[PDB]
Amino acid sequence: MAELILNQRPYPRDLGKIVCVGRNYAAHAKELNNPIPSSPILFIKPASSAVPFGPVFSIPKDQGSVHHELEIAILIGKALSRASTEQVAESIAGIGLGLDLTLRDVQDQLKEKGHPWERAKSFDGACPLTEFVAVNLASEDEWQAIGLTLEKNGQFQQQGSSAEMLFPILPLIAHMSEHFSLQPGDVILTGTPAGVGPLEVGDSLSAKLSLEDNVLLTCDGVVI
């Protein structure tokens, strides 16, 4: 599986699990004709689904539509269990980006039957993940200033700010830790903004992570 990268070198703890939120951005719930949540939808992707974020993304081939979903990724550095938001902020080792790659037709069918989502979310290559970068934020306020951008084939595809999250980063993770204890090496996917859509072989993607409109990292890849 591993490792994760933090500050351009290997993170000392192997990738554990990838805890994900559904529908953290209102416009993304609307674009798919889903009801905006009042509590978060929670699922988990396994270490076996992680791959480097580019230069190539391999997608499943004969299983219907495969969707890109860019999301702010959070690396957990210290164990969290039933944690406060202060404990969460002190635990975060860095921030990066992930693609929550989703077999969308498979998900539609799973959902309709009330079935678990793993077939659509946990497949090999389901979680391209960038390197993480340590940020020592000036106030808890600044967690609301994190941005993401996806471009596909040179053109705008997705953009979001953590300001827009229904469940902001710190309280989301604090709440997550109430349901599943979090260990060092765990990753959090904080939700995809509007603009999700299918991927085809040969699509090129360009992903950008920012802080108050300053670029933290950029990562590119082509679909194969």
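One-based numbering along the sequence shown.
Student: Quick one: say whether 80-88 or 98-106 has the higher mean Cα B-factor in the deposited entry.
Tutor: Higher mean C-alpha B-factor: 80-88.
Student: Of 171-179 and 54-62, which one has the bigger average CA B-factor?
Tutor: Looking at the recorded C-alpha B-factors, 54-62 comes out higher on average.
Student: Can you tell me which of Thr149, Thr130, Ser139, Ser122 has the highest Cα temperature factor in the record?
Tutor: Checking the PDB record, the top C-alpha B-factor among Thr149, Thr130, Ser139, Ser122 is at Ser139.
Student: Of the choices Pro46, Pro37, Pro184, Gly160, which one's C-alpha carries the largest B-factor in the record?
Tutor: Answer, based on the entry's C-alpha B-factors: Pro37.
Student: Considering only modelled residues of the same chain, in which third does the CA B-factor of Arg13 rank: lowest, middle or highest?
Tutor: Top third by C-alpha B-factor.
Student: Name the third of the chain's ranked CA B-factors that contains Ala145, choosing lowest, middle or highest.
Tutor: It falls in the middle third of the chain.
Student: Taking the values exactly as deposited, rank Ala27 by C-alpha B-factor within its chain and report the matching third: lowest, middle or highest.
Tutor: Within its chain, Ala27 is a middle-third residue by C-alpha B-factor, going by the deposited values.
Student: Just say lowest, middle or highest third for the CA B-factor of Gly154 relative to the other modelled residues in its chain.
Tutor: According to the entry, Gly154 has a C-alpha B-factor in the chain's highest third.
Student: Just say lowest, middle or highest third for the CA B-factor of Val19 relative to the other modelled residues in its chain.
Tutor: It falls in the bottom third of the chain.
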